[PDB]
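Q: Dumping the structure here so I can ask a few things about it.
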There are 2 protein chains.
Amino acid sequence: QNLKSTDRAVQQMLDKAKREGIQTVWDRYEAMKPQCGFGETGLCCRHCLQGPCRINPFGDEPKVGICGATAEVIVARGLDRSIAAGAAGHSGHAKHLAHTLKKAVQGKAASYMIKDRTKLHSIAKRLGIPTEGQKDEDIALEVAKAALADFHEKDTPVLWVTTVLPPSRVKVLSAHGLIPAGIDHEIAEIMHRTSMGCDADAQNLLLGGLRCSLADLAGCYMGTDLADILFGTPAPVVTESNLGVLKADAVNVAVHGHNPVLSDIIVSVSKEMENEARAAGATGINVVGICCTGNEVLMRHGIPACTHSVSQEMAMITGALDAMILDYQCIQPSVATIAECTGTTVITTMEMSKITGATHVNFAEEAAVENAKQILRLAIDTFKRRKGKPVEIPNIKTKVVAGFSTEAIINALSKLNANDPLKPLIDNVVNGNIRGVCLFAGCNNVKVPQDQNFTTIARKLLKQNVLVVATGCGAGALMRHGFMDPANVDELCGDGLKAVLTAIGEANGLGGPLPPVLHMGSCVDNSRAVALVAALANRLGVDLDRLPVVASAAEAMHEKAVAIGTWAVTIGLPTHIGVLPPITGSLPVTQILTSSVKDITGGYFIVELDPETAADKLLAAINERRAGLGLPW
Amino acid sequence: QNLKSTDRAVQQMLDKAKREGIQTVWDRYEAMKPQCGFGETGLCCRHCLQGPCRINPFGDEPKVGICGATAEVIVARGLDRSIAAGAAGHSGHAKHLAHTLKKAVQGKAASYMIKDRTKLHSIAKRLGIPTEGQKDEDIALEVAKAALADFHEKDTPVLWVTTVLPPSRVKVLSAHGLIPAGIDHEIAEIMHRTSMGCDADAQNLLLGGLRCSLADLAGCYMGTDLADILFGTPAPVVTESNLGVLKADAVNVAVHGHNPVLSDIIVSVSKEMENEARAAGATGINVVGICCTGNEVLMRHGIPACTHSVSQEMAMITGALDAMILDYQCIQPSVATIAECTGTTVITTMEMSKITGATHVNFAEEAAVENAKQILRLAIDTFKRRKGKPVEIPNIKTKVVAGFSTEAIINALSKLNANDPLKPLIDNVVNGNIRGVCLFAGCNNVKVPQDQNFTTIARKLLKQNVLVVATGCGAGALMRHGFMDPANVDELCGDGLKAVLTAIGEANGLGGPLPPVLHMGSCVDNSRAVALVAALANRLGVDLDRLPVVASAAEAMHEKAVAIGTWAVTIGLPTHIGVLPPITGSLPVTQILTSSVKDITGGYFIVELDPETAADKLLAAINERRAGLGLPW
Ligand code: SF4
Ligand code: SF4
Ligand code: FES
Ligand code: FES
Ligand SMILES: [Fe+3]
Ligand SMILES: [Fe+3]
Ligand SMILES: [Fe+3]
Ligand SMILES: [Fe+3]
Ligand SMILES: [Fe+3]
Ligand SMILES: [Fe+3]
Ligand SMILES: [Fe+3]
Ligand SMILES: [Fe+3]
Ligand SMILES: [Fe+3]
Ligand SMILES: [Fe+3]
Ligand SMILES: [Fe+3]
Ligand SMILES: [Fe+3]
């Protein structure tokens, strides 16, 4: 089972699923092998009904699609569509929050409000929205309107790109025509240009993809901005992670998906129904997190994270998961069938994301509190049904310090230098105590033993004094293996990094250091890392492609991860991906994405499936940036 | 070669390509066989990097995608993405025209203007835009603004849906949640909901697809509206079609693609450079059409159609095609490589549609006349280079009467009844002289001998007194086989249909009848057939799903055709498709699309690859509608 997951709780539940005959994601993967080599390399096209077309990676015919589409075109078109689909997910999440904020301040949804007035005003300032002499509800209405306007063409480009990157970066991107005109506009243009008989030049196609990836970044940054206004900007918080945060004697309710518009309300409402649960025989309602919706409520409320990504079914296998509350994205639809065997009540809540066999609750912000109590009652009902059943909850959990929004990191740093808070970080980059910064992002992937790349790479970078930040299921992997527990700093961190985390932790009234890895939040909160890096760039007066900052989508899976990886490259970062994206069937495309793009944006992909090699390549990229700045390394 | 194309000109050029060693679309098809059965049935998914996932149509594992996605989900998700891609193409075309109109009336592009003032005012009226006391430029500015606003969410739904269908149809669609909120909004929502771990209920997915197909219809109808304002509403015109419209002693220039924003200007400008060509040794500039951009200038200017769809490469094989001027959609990228062997200058003009090896001219409406003269000079240059080369132009062409916009059909009918022009048509439906109406739409497809389904089906329907209208490459097929020549009415048409076409033709000062098939224009001009059918519905006081009207995408290929077929079903029509869409891998999805959808929209797909059987099924559908109206049949 350690070939399937490096997480010991997951291994224990894999043994249980096996003896109970419950099929898992790993079983369905084994049943899918050998996978199709045309698809894996990108050399398959189904964009018209003359297809499917395939191209032999090597050998004889077929060498070209039926319409004349070359390997280069087919691979670039497929990649572009994955970027657009990712942009559609992150920006659909952000669009939903924009409508939620508008509803809140127009009086149409009392469960929602402006919780972070400071963030609201700073966003308005960044966008050029006048605040002086405005009431907060009118400022927020203007902010929501601007958010919705970035989805279509207008007299300005997408402001959630142009106002969040350094002007010098915006200038480089505009010179290449890469600034998106509108988020949904770019998504539609990708779908058009990649349809049959349209764009058929790999470089032209890929430039479109980079522009669409910046539409994805805009949606991520919008999502983070709006969720912080509505639900509060995260600050440092202490909690726990892994299956051992389930409790047999409580009603265990997982919030799973990406958009916390409802799961933030579920958190609040569950706290008040602690007595309706006590009357059903439970100690209380135990809300736990899965995937990014879990990250959102972990970052803001300290809700413990139960599990992530590829292992999400295992939470159910314990027998203790009374309800799983779903919004959208990264939910294995197998959960609706596994629930028949584990007793979990699986509940969908979003109109465009239903699963056959799952109960559906038509959530509306106008009715959020009522929907939440309806769902929590089903959970309580489900707890009642398992009175006297034995559960197998692995008694395995880690301590997690998290909540490191960019505002929180700057505040923590300000305790070492109140009026120039980035300077202590830059000072230690310069003197070598911090070699560089690496962002771990993305998903787990059944092809990679769960968490093996994240932890292998993180370990090598940390010993080399790299400051590691993480989001999404990269943060989930690292938290479940103890990388967010400050007690592990001595074991994990080089002496220079230890000294810096210790200095900052002690200065913030903490028993000791910051944790080994800084959890910056959900997948849309990759935007927070952009905020941090853009702020460092502006403090140093250089562009992002001169900073010793890298990114690693160490076990990527979702179209969203392809979009993120692509905008990481577009804003100027060396960007590792530890699973094969479907590009190797075209050497020209691969050479653009791993080399020539350097000359356009300064970033570039590092495709490397061996995690020790990937760490060495990420270190070399960091050290090359250091040398470009004239710094020792 | 008759196994490849039923067009004798195409056969002759296929012989030439063979002896010259030029690879064609049919050669690349033969090299692709046997095609992948997972893809053909829809049982393949590459929506995340755990894939590719396939599902065996029958047998043992794999039975389910790695994430748990069932055959039903995978097939519905793939279909939805094809609908969204089609919507992206038609609506990108319309969006471009909207920006063109706005530029024209804001003084920023003198080559463009309001040519059809009557159409402008009627559109404004339909949309609720006040005209009384407005100048035309301000009305048109408002119309263009409304067009652009339909691409995003706003306080109204998409008006180019809700103002173009009968209120009773709009009510049925709203009751099922099928009215699109915004064109690019729906495209993005499809891409989101079909991404990994989101929507996983076949019925929910397919309802999303029907809504997105109405976003496609809106883009088609917008495109037709705006092109008519800018370039004129078509009226009956006489011209010719097939390769014999090439002339060895002229500069032959093909306009190819879909959006005529530039090719309409090329038509005008070529007429004035007739003397610059004469000085290079040519008789003049001979502009000819390929595919839908060709249909646009055929409908408006009588430009002869050279060829269509699957056989587009054959125009080049003659050796006489000096230039091929490309915008986007349905262009085989092989043309850029075949040009090296035929001497044709292939020119791209749209920034998001380039082809490696083709010359690119950065067309801007602000510079249209200058771009056109630049391109026509390259063509003249190319004619000079083939002084004294022999060409092989098959001496094969047909006579084509076309230009049957809905306005033109109503006007033609008005000569039989001035104040109730639809009544003569309805009278003859009721008395059986017209059994029903069939719209032929869509592409050719290399899998089907070129034109065989269009002509086989058309022949049977016409002998049974069906009024046949056609668009796009369905119109192209029928024109090249003589179905738009009124001299063939006696051979092709039943006595009742003949009597009606004769009555109308004679009443419109014509030597004789209307042609056997009414050419209603390009692919976006499928919207014209909707206008006609909606007008008939409103005159009778019934909804479209009670009218004896059917549609046939007899040889479909492009994602656009899937979108059209789907909105034909959604607005209430029995809709034949003569190639297999990728749905047969899921019986539940197939049963929804061919049966249960009847109960939602009244329309339904008829999947039938044998054209004689398909004609029988279309006749049965027409006759069932007749019986529902209480009419003989
Ligand atoms: S778009 Fe071209 S390569 Fe793709 S399926 Fe169609 S014919 Fe094949
Ligand atoms: S979305 Fe599901 S079915 Fe599709 S490739 Fe990924 S794991 Fe396979
Ligand atoms: S041939 Fe397998 S992915 Fe298409
Ligand atoms: S397995 Fe062939 S289309 Fe994917
Ligand atoms: Fe995740
Ligand atoms: Fe996530
Ligand atoms: Fe993620
Ligand atoms: Fe992910
Ligand atoms: Fe994910
Ligand atoms: Fe993610
Ligand atoms: Fe066509
Ligand atoms: Fe067409
Ligand atoms: Fe067509
Ligand atoms: Fe077509
Ligand atoms: Fe076409
Ligand atoms: Fe078409």
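Ordering of the structure tokens sets the chain letters (A, B, ...), residue numbers begin anew at 1 in every chain, and ligands are numbered from 1 in the order given.
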Dump the neighbourhood of ligand 8 as a PyMOL selection string: all residues within 12 Å, distances computed on only C-alpha atoms and all ligand atoms.
A: (chain A and resi 86+89-90+257-258+290-293+308-310+328-332+440-445+471-477+522-524+526+553-565) or (chain B and resi 48-50+195-197)
Q: What are the closest atom pairs, with distances in Å to one decimal, for each residue of chain B lying within 8 Å of ligand 3, using only C-alpha atoms and all ligand atoms, rows by chain and rising residue number, as CSV?
A:
```
residue,atom,partner,partner_atom_place_in_ligand_line,distance
B:36,CA,ligand 3,1 (S),5.5
B:38,CA,ligand 3,2 (Fe),7.2
B:39,CA,ligand 3,4 (Fe),5.8
B:44,CA,ligand 3,3 (S),6.4
B:45,CA,ligand 3,3 (S),7.2
B:46,CA,ligand 3,3 (S),6.8
B:52,CA,ligand 3,3 (S),5.6
B:53,CA,ligand 3,3 (S),7.6
B:54,CA,ligand 3,2 (Fe),7.4
```
Q: Of the residues A:202, A:109, A:544, A:418, which is the one nearest to chain B, using only C-alpha atoms?
A: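 Residue with the minimum atom-to-atom distance to chain B: A:202.
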Q: For residue 296 in chain A, find every residue with an atom within 12 Å (counting only C-alpha atoms), except residues of its own chain fewer than 6 positions away, and show them as a VMD selection string.
A: chain A and resid 223 to 224 227 to 228 231 to 235 255 to 264 267 288 to 290 302 to 305 402 to 405 471 to 473 475 to 476 519 to 525
Q: Between B:220, B:324, B:206, B:457, which residue has the minimum interatomic distance to ligand 16, considering only C-alpha atoms and all ligand atoms?
A: B:220
Q: What does the distance from CA of residue 182 in chain B to CA of residue 131 in chain B come to in Å, to one decimal?
A: 25.0 Å
Q: Just list the residues in range 2-71 of chain B DSSP gives strand (DSSP E or B) on the backbone, as a ChimeraX atom specification.
A: /B:5,44-45,48,53-54
Q: What does the file look like for those residues with C-alpha atoms, as a short mmCIF file (atom, residue, chain, number, x, y, z; two decimals), in the first residue's frame?
A:
```cif
data_model
loop_
_atom_site.label_atom_id
_atom_site.label_comp_id
_atom_site.auth_asym_id
_atom_site.auth_seq_id
_atom_site.Cartn_x
_atom_site.Cartn_y
_atom_site.Cartn_z
CA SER B 5 -16.61 12.17 -53.78
CA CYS B 44 -12.47 8.44 -23.85
CA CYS B 45 -11.57 11.21 -21.43
CA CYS B 48 -7.12 15.46 -16.27
CA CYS B 53 -9.18 7.14 -19.44
CA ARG B 54 -11.11 4.87 -21.73
#
```
Q: Counting only C-alpha atoms and all ligand atoms, which of A:572, A:541, A:21, A:582 gets nearest to ligand 2?
A: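 With only C-alpha atoms and all ligand atoms as the atom set, the closest residue is A:582.
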Q: Given only C-alpha atoms and all ligand atoms as the basis, pick out the residue of B:588, B:295, B:355, B:373 nearest to ligand 15.
A: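 Closest residue, counting only C-alpha atoms and all ligand atoms: B:295.
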